[PDB]
>>> print(open('work-v3.json').read())   # JSON, C-alpha atoms
[["chain", "number", "residue", "atom", "x", "y", "z"],
["A", 1, "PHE", "CA", 0.00, 0.00, 0.00],
["A", 2, "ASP", "CA", 1.13, 3.53, -0.80],
["A", 3, "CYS", "CA", -1.47, 5.13, 1.47],
["A", 4, "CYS", "CA", -4.35, 3.39, 3.17],
["A", 5, "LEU", "CA", -7.45, 5.48, 2.44],
["A", 6, "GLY", "CA", -9.90, 3.01, 4.00],
["A", 7, "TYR", "CA", -9.79, 0.08, 6.41],
["A", 8, "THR", "CA", -10.62, -3.61, 6.48],
["A", 9, "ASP", "CA", -13.74, -4.73, 8.32],
["A", 10, "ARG", "CA", -12.48, -8.33, 8.70],
["A", 11, "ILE", "CA", -10.92, -9.28, 12.05],
["A", 12, "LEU", "CA", -7.74, -11.35, 11.67],
["A", 13, "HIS", "CA", -6.32, -13.84, 14.15],
["A", 14, "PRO", "CA", -2.90, -13.09, 15.68],
["A", 15, "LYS", "CA", -1.42, -16.39, 14.42],
["A", 16, "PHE", "CA", -1.83, -15.15, 10.83],
["A", 17, "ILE", "CA", 0.18, -11.94, 11.37],
["A", 18, "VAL", "CA", 3.96, -11.60, 11.03],
["A", 19, "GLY", "CA", 4.34, -7.83, 11.28],
["A", 20, "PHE", "CA", 2.88, -4.38, 10.94],
["A", 21, "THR", "CA", 3.68, -0.92, 9.63],
["A", 22, "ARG", "CA", 2.28, 2.33, 11.04],
["A", 23, "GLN", "CA", 0.94, 4.99, 8.70],
["A", 24, "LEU", "CA", 0.64, 8.42, 10.33],
["A", 25, "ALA", "CA", -1.55, 11.27, 9.14],
["A", 26, "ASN", "CA", 0.42, 14.22, 7.72],
["A", 27, "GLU", "CA", 3.54, 12.03, 7.31],
["A", 28, "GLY", "CA", 2.78, 11.42, 3.62],
["A", 29, "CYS", "CA", -0.83, 10.24, 4.00],
["A", 30, "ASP", "CA", -3.96, 11.93, 5.29],
["A", 31, "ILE", "CA", -5.19, 9.27, 7.76],
["A", 32, "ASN", "CA", -3.62, 6.98, 10.35],
["A", 33, "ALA", "CA", -3.53, 3.25, 9.68],
["A", 34, "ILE", "CA", -2.01, -0.01, 10.89],
["A", 35, "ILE", "CA", -0.89, -2.13, 7.94],
["A", 36, "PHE", "CA", -0.72, -5.80, 8.95],
["A", 37, "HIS", "CA", 1.64, -8.16, 7.12],
["A", 38, "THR", "CA", 0.36, -11.74, 6.95],
["A", 39, "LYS", "CA", 1.86, -15.18, 6.43],
["A", 40, "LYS", "CA", 0.34, -15.11, 2.92],
["A", 41, "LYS", "CA", 2.65, -12.19, 2.01],
["A", 42, "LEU", "CA", -0.33, -9.86, 1.68],
["A", 43, "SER", "CA", -1.06, -6.72, 3.64],
["A", 44, "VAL", "CA", -4.22, -5.30, 5.19],
["A", 45, "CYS", "CA", -5.07, -1.71, 6.19],
["A", 46, "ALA", "CA", -6.61, -1.63, 9.65],
["A", 47, "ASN", "CA", -8.20, 0.97, 11.92],
["A", 48, "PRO", "CA", -5.65, 1.85, 14.67],
["A", 49, "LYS", "CA", -8.42, 2.41, 17.24],
["A", 50, "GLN", "CA", -10.07, -1.01, 16.97],
["A", 51, "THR", "CA", -9.65, -3.51, 19.79],
["A", 52, "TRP", "CA", -8.55, -6.45, 17.62],
["A", 53, "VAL", "CA", -5.86, -4.27, 16.00],
["A", 54, "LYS", "CA", -4.36, -3.23, 19.33],
["A", 55, "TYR", "CA", -4.60, -6.87, 20.47],
["A", 56, "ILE", "CA", -2.50, -8.21, 17.59],
["A", 57, "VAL", "CA", 0.12, -5.48, 18.09],
["A", 58, "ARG", "CA", 0.29, -6.21, 21.83],
["A", 59, "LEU", "CA", 0.84, -9.94, 21.21],
["A", 60, "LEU", "CA", 3.45, -9.35, 18.49],
["A", 61, "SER", "CA", 5.33, -7.06, 20.88],
["A", 62, "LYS", "CA", 5.24, -9.58, 23.72],
["A", 63, "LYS", "CA", 6.60, -12.32, 21.44],
["A", 64, "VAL", "CA", 9.59, -10.12, 20.57],
["A", 65, "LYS", "CA", 10.50, -10.08, 24.27],
["A", 66, "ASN", "CA", 10.60, -13.89, 24.14],
["A", 67, "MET", "CA", 13.17, -13.56, 21.35],
["B", 1, "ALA", "CA", 3.60, -19.31, -2.32],
["B", 2, "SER", "CA", 7.33, -18.79, -1.83],
["B", 3, "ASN", "CA", 9.77, -19.48, 0.96],
["B", 4, "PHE", "CA", 10.43, -16.45, 3.15],
["B", 5, "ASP", "CA", 13.45, -14.24, 2.42],
["B", 6, "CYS", "CA", 15.38, -15.05, 5.60],
["B", 7, "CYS", "CA", 17.83, -12.68, 7.15],
["B", 8, "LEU", "CA", 21.08, -14.61, 7.50],
["B", 9, "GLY", "CA", 22.71, -12.00, 9.72],
["B", 10, "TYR", "CA", 22.13, -8.65, 11.36],
["B", 11, "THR", "CA", 22.99, -5.08, 10.45],
["B", 12, "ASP", "CA", 25.73, -3.35, 12.40],
["B", 13, "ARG", "CA", 24.24, 0.08, 11.58],
["B", 14, "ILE", "CA", 21.87, 1.24, 14.30],
["B", 15, "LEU", "CA", 19.00, 3.36, 12.99],
["B", 16, "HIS", "CA", 17.22, 6.35, 14.47],
["B", 17, "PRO", "CA", 13.74, 5.45, 15.80],
["B", 18, "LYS", "CA", 12.23, 8.26, 13.69],
["B", 19, "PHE", "CA", 12.96, 6.33, 10.49],
["B", 20, "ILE", "CA", 11.41, 3.01, 11.58],
["B", 21, "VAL", "CA", 7.72, 2.67, 10.76],
["B", 22, "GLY", "CA", 7.15, -1.03, 11.46],
["B", 23, "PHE", "CA", 8.62, -4.49, 11.73],
["B", 24, "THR", "CA", 8.19, -8.13, 10.79],
["B", 25, "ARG", "CA", 9.35, -10.94, 13.08],
["B", 26, "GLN", "CA", 11.43, -13.79, 11.68],
["B", 27, "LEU", "CA", 11.38, -16.92, 13.87],
["B", 28, "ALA", "CA", 13.82, -19.82, 13.71],
["B", 29, "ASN", "CA", 10.95, -22.07, 14.74],
["B", 30, "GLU", "CA", 9.31, -21.25, 11.38],
["B", 31, "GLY", "CA", 12.34, -22.55, 9.42],
["B", 32, "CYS", "CA", 14.88, -19.77, 8.98],
["B", 33, "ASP", "CA", 18.16, -20.44, 10.81],
["B", 34, "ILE", "CA", 17.93, -17.40, 13.11],
["B", 35, "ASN", "CA", 15.41, -15.16, 14.78],
["B", 36, "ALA", "CA", 15.42, -11.63, 13.39],
["B", 37, "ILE", "CA", 13.52, -8.36, 13.55],
["B", 38, "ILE", "CA", 13.04, -6.95, 10.06],
["B", 39, "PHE", "CA", 12.53, -3.21, 10.41],
["B", 40, "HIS", "CA", 10.46, -1.37, 7.82],
["B", 41, "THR", "CA", 11.10, 2.19, 6.60],
["B", 42, "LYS", "CA", 9.21, 4.82, 4.59],
["B", 43, "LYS", "CA", 11.41, 4.19, 1.52],
["B", 44, "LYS", "CA", 10.40, 0.50, 1.74],
["B", 45, "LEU", "CA", 13.98, -0.64, 2.38],
["B", 46, "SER", "CA", 13.87, -3.21, 5.17],
["B", 47, "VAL", "CA", 16.73, -3.93, 7.57],
["B", 48, "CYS", "CA", 17.66, -7.19, 9.31],
["B", 49, "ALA", "CA", 18.22, -6.58, 13.03],
["B", 50, "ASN", "CA", 19.30, -8.60, 16.07],
["B", 51, "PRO", "CA", 16.28, -9.23, 18.36],
["B", 52, "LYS", "CA", 18.50, -9.35, 21.43],
["B", 53, "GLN", "CA", 19.95, -5.84, 20.99],
["B", 54, "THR", "CA", 18.73, -2.93, 23.12],
["B", 55, "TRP", "CA", 18.24, -0.55, 20.18],
["B", 56, "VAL", "CA", 15.96, -3.13, 18.51],
["B", 57, "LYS", "CA", 13.93, -3.98, 21.60],
["B", 58, "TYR", "CA", 13.41, -0.26, 22.29],
["B", 59, "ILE", "CA", 11.97, 0.47, 18.84],
["B", 60, "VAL", "CA", 9.65, -2.58, 18.89],
["B", 61, "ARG", "CA", 8.35, -1.59, 22.33],
["B", 62, "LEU", "CA", 8.00, 2.06, 21.31],
["B", 63, "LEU", "CA", 5.91, 1.27, 18.23],
["B", 64, "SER", "CA", 3.71, -1.01, 20.32],
["B", 65, "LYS", "CA", 3.13, 1.54, 23.08],
["B", 66, "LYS", "CA", 2.27, 4.22, 20.54],
["B", 67, "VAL", "CA", -0.22, 1.90, 18.84],
["B", 68, "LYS", "CA", -1.97, 1.22, 22.14],
["B", 69, "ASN", "CA", -2.60, 4.95, 22.61],
["B", 70, "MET", "CA", -3.79, 5.66, 19.05]]
>>> encode(input="work-v3.json", output="structure tokens")
Amino acid sequence: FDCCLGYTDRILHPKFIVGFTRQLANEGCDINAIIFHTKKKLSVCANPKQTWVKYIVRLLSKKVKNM
Amino acid sequence: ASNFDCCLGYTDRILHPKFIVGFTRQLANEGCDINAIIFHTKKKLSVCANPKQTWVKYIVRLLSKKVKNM
């Protein structure tokens, strides 16, 4: 994605996610977004304020501590 | 589908947090030889980084804390 202009409505499970990128408003794009990177080598634009989005990011972060 | 582009080693060049916009985790238990943190940048040039290093752990934690507050 160059800029996310809209968001997915489909909740993903944490096991499917290998990473994320943050898009910030006024840093090249007009809205904020979390871009999830999946095990299928696809990406998904997600609403940063949604619970499931924060949940995946929290779990990814905790795993990195185990590394 | 294709096999993942494993990092085989880690950069020695520490990056400023302001240039890191995301990361992907590479896990040895998913078949690559080593664990790695693959940092993503605005230019789309990704960097292989050592998960045990302080500069890496800081940036991963910082991105995560910022996301929580968004």
>>> closest_residue(input="work-v3.json", among="B:13, B:18, B:25, B:42", to="chain A", atoms="only C-alpha atoms")
B:25
>>> closest_residue(input="work-v3.json", among="B:29, B:65, B:39, B:1", to="residue 51 (chain B)", atoms="only C-alpha atoms")
B:39
>>> interface_residues(input="work-v3.json", of="chain B", to="chain A", cutoff="8 Å", atoms="all atoms listed in the file", output="list in words")
residues 1, 21, 22, 23, 24, 25, 26, 35, 40, 51, 52, 57, 60, 61, 64, 67, 68 and 70 of chain B
>>> closest_residue(input="work-v3.json", among="A:52, A:12, A:43, A:4", to="residue 29 (chain A)", atoms="only C-alpha atoms")
A:4
>>> atom_distance(input="work-v3.json", atom1="CA of residue 46 (chain B)", atom2="CA of residue 12 (chain B)")
13.9 Å
>>> atom_distance(input="work-v3.json", atom1="CA of residue 7 (chain A)", atom2="CA of residue 2 (chain B)")
26.8 Å
>>> axis_aligned_box(input="work-v3.json", around="region 24-31 of chain A", padding_each_side="8 Å", output="AutoDock Vina command-line options")
--center_x -0.8 --center_y 11.3 --center_z 7.0 --size_x 24.7 --size_y 21.8 --size_z 22.7
>>> closest_residue(input="work-v3.json", among="B:56, B:63, B:36, B:45", to="residue 15 (chain B)", atoms="only C-alpha atoms")
B:56
